[PDB]
Amino acid sequence: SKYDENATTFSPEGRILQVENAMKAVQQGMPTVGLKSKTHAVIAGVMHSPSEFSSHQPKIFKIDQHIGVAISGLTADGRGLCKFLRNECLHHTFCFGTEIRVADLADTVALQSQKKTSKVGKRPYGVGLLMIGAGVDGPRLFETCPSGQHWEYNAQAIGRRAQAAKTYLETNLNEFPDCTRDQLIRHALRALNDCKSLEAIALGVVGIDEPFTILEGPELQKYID
Amino acid sequence: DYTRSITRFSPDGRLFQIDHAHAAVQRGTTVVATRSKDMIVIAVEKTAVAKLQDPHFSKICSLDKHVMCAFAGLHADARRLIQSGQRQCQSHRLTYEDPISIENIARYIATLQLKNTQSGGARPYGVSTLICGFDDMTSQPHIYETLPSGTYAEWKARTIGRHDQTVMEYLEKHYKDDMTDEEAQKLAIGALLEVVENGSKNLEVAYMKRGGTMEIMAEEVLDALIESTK
Amino acid sequence: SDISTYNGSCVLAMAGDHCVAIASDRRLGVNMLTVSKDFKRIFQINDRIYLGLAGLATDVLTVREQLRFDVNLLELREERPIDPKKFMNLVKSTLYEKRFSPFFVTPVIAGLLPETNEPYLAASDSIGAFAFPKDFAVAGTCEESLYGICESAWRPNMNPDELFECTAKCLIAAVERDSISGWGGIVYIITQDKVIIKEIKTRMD
Amino acid sequence: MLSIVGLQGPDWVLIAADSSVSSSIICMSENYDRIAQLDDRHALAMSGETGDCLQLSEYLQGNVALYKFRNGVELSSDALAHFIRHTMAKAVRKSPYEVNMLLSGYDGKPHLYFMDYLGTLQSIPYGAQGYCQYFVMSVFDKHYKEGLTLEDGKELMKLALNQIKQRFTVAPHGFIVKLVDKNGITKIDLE
Amino acid sequence: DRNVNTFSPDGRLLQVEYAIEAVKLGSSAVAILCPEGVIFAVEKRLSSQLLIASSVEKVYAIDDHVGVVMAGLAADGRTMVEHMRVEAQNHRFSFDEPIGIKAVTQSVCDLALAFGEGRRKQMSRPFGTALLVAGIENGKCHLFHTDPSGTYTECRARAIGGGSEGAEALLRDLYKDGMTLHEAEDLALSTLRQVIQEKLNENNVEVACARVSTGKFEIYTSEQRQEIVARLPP
Amino acid sequence: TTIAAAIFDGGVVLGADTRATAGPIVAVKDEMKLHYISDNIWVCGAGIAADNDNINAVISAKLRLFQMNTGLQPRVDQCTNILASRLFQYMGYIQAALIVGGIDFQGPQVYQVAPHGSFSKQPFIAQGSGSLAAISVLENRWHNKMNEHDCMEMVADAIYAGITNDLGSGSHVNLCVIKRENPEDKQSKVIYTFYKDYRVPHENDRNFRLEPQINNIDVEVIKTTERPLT
Amino acid sequence: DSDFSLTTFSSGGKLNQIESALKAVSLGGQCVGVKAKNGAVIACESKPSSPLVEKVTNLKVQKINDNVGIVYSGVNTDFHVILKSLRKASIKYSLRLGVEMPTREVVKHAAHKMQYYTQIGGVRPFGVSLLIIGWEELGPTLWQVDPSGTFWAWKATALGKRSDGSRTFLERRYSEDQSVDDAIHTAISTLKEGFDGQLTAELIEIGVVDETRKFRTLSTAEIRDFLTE
Amino acid sequence: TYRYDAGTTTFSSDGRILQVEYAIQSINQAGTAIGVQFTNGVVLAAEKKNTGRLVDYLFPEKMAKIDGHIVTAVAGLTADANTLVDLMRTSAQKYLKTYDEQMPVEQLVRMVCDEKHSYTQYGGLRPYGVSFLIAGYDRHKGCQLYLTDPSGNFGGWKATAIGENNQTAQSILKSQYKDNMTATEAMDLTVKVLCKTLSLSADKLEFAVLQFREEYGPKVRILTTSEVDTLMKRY
Amino acid sequence: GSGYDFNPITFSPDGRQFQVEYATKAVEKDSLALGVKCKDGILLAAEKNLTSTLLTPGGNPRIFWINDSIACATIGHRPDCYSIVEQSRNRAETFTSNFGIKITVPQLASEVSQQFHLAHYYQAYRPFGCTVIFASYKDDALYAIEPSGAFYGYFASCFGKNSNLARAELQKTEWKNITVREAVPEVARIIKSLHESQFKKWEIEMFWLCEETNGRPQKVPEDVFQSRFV
Ligand SMILES: *C(=O)[C@]1([C@@H](O)[C@@H]2C=CCCC2)NC(=O)[C@@H]2CCO[C@@]21C
């Protein structure tokens, strides 16, 4: 409590309490789920509707043609990170002319978040990103943390009620590598359904040859069964 | 450079630094700006040692030949506001050749105060400013009150500084929708006198006539109007 | 042609018997055109220091004002008048700070040493290459003419009258051979007691 | 190479300027007011590219007004002249204003200053910027008398402008003359 | 804590939540979207009759097609609307088209959370203003809500200010997707009147419509505000 | 200009003419081209007089500050490195062709530094316009471990050769003999003896002058005013 | 961001950091200065950390220029920084004006630097008080420069350890008519008064400005010559 | 960070910058400085902060010249006073370079007060704990005397005081100050007010006499120790 | 306890850098990673206690490439771990830009310890809660930098939880006597013996730099040693 002053302050236990507060800010975001097959990767999430007549706040974003990120936490910080990631993809498609690897984007966003947590006067991004990419590296899923680190996953859940989604993913973890695009999307939607408190769920799906695309609302009806 | 975010929100949602800047304003001398169809009048009460100092240090300033400006609050923060406002009037002339709109210059002063409320390492101006003047582009005299918060609002008759609520009540009671220039003078003078127990030797009254510059009321005409109001 | 030749100037300083004499043409010319005959090129820098700036009128005024800024600041911060040698080094610093965008004025410092009252002439080029002639310091577009006339004419130990005599005559000879210089002369005789400012008559063509 | 001519009198200053603005070989306007009224007391005739003259005039007028408003005192004619000189001295070395000016001001005393793009400041009884000086200075020298009346002053300025019209190859199609006196800057016609 | 960009143990930016509170201290404003247009009805708080109502305008036209109503700090909202106007004119300059409502909303939101402290020379605190951005894009009216946190959401109906929660509760059973612009104006003014502490009048209210038929965000005049307040059931 | 420094057994002899020309005209006939750097180091410079004077003053200040802070005797190679770096960073625009001549723990050292920053340790060096006329004497009369007087005469004769053969050089030969106060004691204090006007060529003096100076210019004084000197 | 000023006025108008730096001066080693008719003197009790210290390597009495000299009391490193700055200012003054920086100009530059460090942020005031001697036109001058940047001019003063007792001693045993030798004797006696045990020429450094108007540090031989008498 | 920051450029619950109020209190703890305007000049007087049997009163401590027409007495931190006097001298000479005219007194006072205010509103730095009695002459407003504050607030005063017992000195001036006084009368008034408020040794006092003469112009002379002693012995 | 633990640059009255000690605590919390120098190369083995079974098998690296000859095992705060990895890559690239050759682990460790030290030496930085073991066979170097910035070459380094026991076990083997392929089973046995039962799923991320890799960093192939365990 007394050491929860800055992101630059270590608590006597080695913990950065402001970093942990930002991580909790991510854990307070709406349920986000990511999956990874040998051919496709999926990010889905129950978008948040602050008001009854307000639309669901977009949660899935397309960083590059085969890269997308699902934000969980401060959506403004998520948009800032999306801007940064799109700049990184545009400078990798400028310097090298090809699409960056989602692993490199995870590295860059982790570096930026760590620099936010290592210099005073900066706050960790209050948003965690489930980034799915596809390329020469294959489909890859990364959960980037406010602390400045990204964890590579075959599946993952973050935000609120994400323990049920994590349990579902653990149960079906060995199914995912062979799951087709349609089956991976179905698994994503059925991991989110366990988190239900659809027109709220937005799902970005990418493949090795399939460019990243965002499906929302009725477009996902075919993947419920 | 130094950026300590002097102005931050409180749990109840208040910028305590803006409250303190308003307190600084409310310890400043009373200013009363009133308008007529063709003339604006500003009356600032003056606290001074008449036998030992020159009363020529005026709260009323002229940002431009058409923009009159009075203030309540810290005289140094007000001097900075007036200096920046004069610079902005001349820069608007440089950039447009047209006299700066009274709304434009009032917005600029309010935005200066607001930037001080927003810039780290910058103390909000402890000054509330009455930016008055005439626009040929609108054919309307204007009197805007810019606050330390950076909010500016046009008024038919506004007062700032100490005793601002009593003078506001006086203005509300004795305001006419279509006052003549002398009626505006009488309203401003009487509103200031309602809290001041001294005549011309204390009050300072300036005015701006349609398509005119700022003229400071004499110590003879001011006293005559004071007696007429009483 | 040349920027220095734009404003014709002719500044002279001579050393006498415990007295200096700084004379200057009074013409503000623009190339070949006479604009004024009341142009001040000699400025009093201190009670016993006079500075004649022979060169571009722009840089004459700029350098004079910059050295009045420096001398006033020095005398305020030190409560003491600036010495002729201290002011010479100040002018050298001022010109060499703009060495690579030089002022197009050659300064001529005519002063008297604070205590000994000895003559002190100090003429530099545009960039503060100060010389300290014990006899005469010349500057301006009449530089060759002034050098020639003062080499033969200047004599040691000239009293204020004789020092004025050559300062005026020698400057007249210089300006009358310079087309862009002349139109009246002004000679400041600096002595122990008084400064005598004599406006001398030169050719007005 | 525009013809601006100043003539200082005992208690007035007649400042005239070429009223013909031009683009290349085209006389765009025949009544362009090249004289800039920086203050109610000071009229600055400017010879140079119309854009440079306009920008410098606006900068100087804004600075004069800013001095009048910041401090409750108006610049003198010597103070304004040296402020213009400082501006030109700054400009020449870095980003030069290619304008040669005649600053005519009345602050209880008539003043006429010969100013150039470099920054040479000189109070003059009469003068000109452009090639017109080559034509008008002599006429002033020939016909200027100390204590010249305002009517004699207008006659002498008219003579100088007529000399510009007659002998200068690029004869200005007309001049705008302004009288700077205790009453301010008033535009006049010399006929 | 004690620094602006600090996270509570609950995972909230404390300055952001306090700016949300500041918005809750601002004047009420109801934005009702209907297929014909988006209608703002805003409480103009007049501390005196001498206060020129047109000068405390809580509604700002960002562009011809898009407008904005503020709640909270009028000066921070002025900064936000200034940024939005610059963004709209820059977008018209760069892409020869009106800026999308979502696009300008996202731009001002990105500006919103760029506050910082402790780093050498930026705003030092979040904007204490929530905007109801609305406008006509591609023959459609779009209504967006920005709050100090920098999050924006598209809204069919929204409320910002002191009566925001009560206004939303009243809108629960009062708002429908197919209302006419007449009905949208009536609902906005009714909700505002219900969530303000003074009798509704044309002078203490500001009404503005991003109208699809005109394709423009106009601000209603006193006559139009009277034309709406007259129809209200009270 | 003719500047020439050589190294004799006990030290260094630097020499310079005293003629500064403002083009084809001899501006100065007693110009000082030998610049004191430190008690052990003197630089005789050619090129632009302002550049030489200023760079020598600046490096003398640098080495005086060095000797003060560090208590260390400035080194001739140290002075030469500072001079060469400064002249290189100005890309030869500081036209100061310098000859550093000093005595440090490494003994008597003479370095040349070109205006562009190219330095070189040489036993005898001649720079300036008459540098060739001087170097001839230096080439023919310099030998390893010559005594002080022979090196003095050689450097003076080289400066005189530059004076007579070169138009840019003339007037007198100023010498500066850096030497250890006790030549037999290599650790003794390095002192300098400056021989101003070491050579005053009599054939190069003003040999004629009108005893009655003939002048037919009469001064007409327009106006006279006398002002006190205080 | 540490650009905030750590030297700030306290509730009563007392710059606590200035008082703290002054206390650092008061525990920084006694240094005395005495202004004679024909010169000035500044000595200090420079007792080394150990007999193994080489005195010349950390002389407390130092030259600012040919005419001005400085002794200090307080943080040795702060004095060295101020001394380098003052010597650099003097050489700059020589470059711009051809003469050594005047004594009062050196004092005012030291005072300006110290005030600057008492006002700008991220720094503490210099924890040294400087006794600067040098000649002005009207004669020799001794100047105290405090951490605040306020500079007294003294006929005599001590400002280090037990400096109150030493200043009372100077008040009691100082006369204007003292010569430079008399001033050196007065400074040595003041150091003896405020020093425990027998004073030694090794343990004190003396720097004097005399009729020559040039500042010179007395060698240990000269200091011992003065002590023996 | 900012744990050990004093909020020098931050407002207090009352609305006054507590660092400016503490600077004002520091001034009130400093030697009294008094200014009095007479017909064609202003006399400034001050009490030296460094006053001992050993202190050598070589040069003015509280009194400084800003230009040939402007002089300043100071109450408060003498170091901040020296810094702002250097800044004022540079500003006056800058105005002279720009306009070839002596800087108007009100504009130099506004410049030093803008500096002092900037230290109270930006940068989180310590305020200038000095109050200047800036006496001077300009053609515009004749001879003027301005009282500056650490806040950056200034006001013209016919006669005023700052420092210790500044209120007592102000009351004495109010009871005794006359208009259109002579240089001698105003100097004697300053002596009386100092003697009553303030010991009283002449060498402990500093005097400067700005005087505008149509012939010589505005002349500033800071009275030397001999002049101060002769003037005080006359009371 | 006392307040000396908030500012990284603050020293405890015992000379302890409490923030550096807390960064070291962050290192000690993490699962142990170690490195051993062997005859054929250097083997870096990082224990990855997989928090979730969903983590990619073989993903989430703790050993990183720094150069085509330098690998980097990382312990502690993984954000700081990868920050230091990327800063080491940048330092190697800058070293190549300035000097052309590829950096060596000793001087790479010095350059990165410079950043480690700057973190707790200048304010406005957080000490890196990570220990980085740079290994290079081509430099025969195994240098571990600690959170303080203390870097030492090791014959066998190890940091993290149970690092003392891991070092004690590494001490039992003369690693240079054996090659990397026979070192892998020994290190794997060490970590498995120290692996805590609470972590069911986990991995041994082994990398080696050897002649078999031509000195290039390379993850130990799965066939050689299946890194994944249950
Ligand atoms: C010498 O090179 C020379 C002198 O003015 C000389 C310059 C440097 C030291 C001071 C005196 N430089 C010149 O420009 C002329 C040209 C011929 O050589 C000069 C006399």
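Chains as they are written, first to last, in PDB author numbering: chain F, 4 to 200, 206 to 233; chain D, 3 to 58, 60 to 233; chain J, 2 to 206; chain K, 1 to 191; chain E, 9 to 129, 134 to 246; chain I, 1 to 230; chain B, 3 to 231; chain C, 2 to 199, 203 to 239; chain G, 5 to 234.
All C-beta atoms, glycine included, are put in the ideal place defined by N, C-alpha and C.
Review point. In three-state DSSP terms, what is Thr192/J?
Key: Coil at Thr192/J, not helix or strand.
Point to revise | Other residues of its chain near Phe74/D: CB distance less than 8 Å, five sequence neighbours each side excluded | key: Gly30, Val33, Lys62, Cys64, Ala81, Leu84, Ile85, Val130, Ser131, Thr132, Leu133, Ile163, listed in sequence order.
Review point. Closest to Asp144/G by CA distance: which of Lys180/G, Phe229/G, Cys162/G is it?
Key: Ranking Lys180/G, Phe229/G, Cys162/G by Cα distance to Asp144/G puts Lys180/G first.
Review point. By the criterion of Cβ-Cβ separation under 9 Å, what are the contact partners of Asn175/F in chain G?
Key: For a Cβ distance threshold of 9 Å, nothing in chain G lies close to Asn175/F: the least Cβ distance comes to about 10 Å.
Review point. How long is the line joining the alpha carbons of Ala37/G and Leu48/G, rounded to whole angstroms?
Key: Cα-Cα distance, rounded: 7 Å.
Point to revise | Exposure of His82/K, with buried meaning 16 or more beta-carbon neighbours within 10 Å | key: Under this definition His82/K is a buried residue.
Exercise for review: Using a Cβ-Cβ cut-off of less than 8 Å, give me the residues of the segment 65 to 86 of chain J that come near chain C, in sequence order.
Suggested key: Of all residues in the segment 65 to 86 of chain J, only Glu66, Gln67, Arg69, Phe70, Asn73, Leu74, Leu77, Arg78, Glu80 come within less than 8 Å of chain C when Cβ atoms are compared, listed by chain position.
Point to revise | Sheet register partners of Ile173/J (DSSP bridge) | key: Beta-bridge pairing links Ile173/J to no other residue.
Exercise for review: Compare the C-beta of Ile112/D against all C-beta atoms of chain C and say whether one is closer than 8 Å.
Suggested key: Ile112/D has a beta carbon lying at 8 Å or more from every beta carbon in chain C.
**Study point:** Endpoints, alpha helix (DSSP H) assigned at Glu21/B
**Key:** That run of the alpha helix (DSSP H) goes 18 to 28.
Practice item. Throw me the rounded Cβ distance for the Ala16/K and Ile185/K pair, which I believe falls under 8 Å. Key: That pair is no contact at about 12 Å.
Practice item. For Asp3/B, count neighbouring Cβ atoms within 10 angstroms of its own Cβ and tell me buried if that reaches 16, exposed if not. Key: Counting the other Cβ atoms within 10 Å of the Cβ of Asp3/B gives 16 or more, which makes it buried.
Practice item. Starting from the C-beta of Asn154/C, find all residues in its chain whose C-beta is less than 7 Å away, skip the five residues before and the five after it, and write them out in chain order. Key: Answer for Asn154/C: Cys114, listed in chain order.
Practice item. Whole angstroms is fine: what's the gap from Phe88/I's alpha carbon to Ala91/B's? Key: Approximately 26 Å, taken between the alpha carbons.
Point to revise | Length at least 3, wholly inside the segment 176 to 243 of chain E: the beta strand (DSSP E) runs in chain order | key: Listed in chain order, the complete beta strand (DSSP E) runs (minimum 3 residues) inside the segment 176 to 243 of chain E are 217 to 223, 228 to 231.
**Study point:** Where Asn41/C meets chain D, residues with beta-carbon distance less than 8 Å
**Key:** Contact of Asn41/C with chain D by beta-carbon distance below 8 Å is absent, the smallest such distance being about 16 Å.
Practice item. Using 10 angstroms around the beta-carbon of residue 301/I, count the other beta-carbons present and answer buried if the total reaches 16, otherwise exposed. Key: This structure cannot speak to residue 301/I, because chain I is shown only from 1 to 230.
**Study point:** Under 8 Å between C-beta atoms of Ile43/J and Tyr148/J
**Key:** Cβ atoms of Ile43/J and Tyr148/J: not closer than 8 Å.
Exercise for review: Return the bridge partner residues of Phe137/J from the DSSP annotation.
Suggested key: Looking at the DSSP output, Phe137/J shares a beta bridge with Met15/J.
Point to revise | Test item: CB-CB of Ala187/G and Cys42/G under 8 Å | key: With a cutoff of 8 Å on beta-carbon distance, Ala187/G and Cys42/G are scored as near each other.
**Study point:** Paired residues, beta bridge with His111/K - DSSP
**Key:** Partner(s): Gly105/K.
Check your understanding: ligand 1 heavy atoms versus the CB of residue 240/I: any closer than 7 Å?
Key -> In the structure displayed, chain I extends from 1 to 230; residue 240/I sits before or after that span and is not available.
Practice item. Rounded to whole angstroms, what's the CA-CA distance from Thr143/B to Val110/I? Just pull it up for me. Key: When the Cα atoms are used, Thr143/B and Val110/I turn out to be separated by approximately 42 Å.
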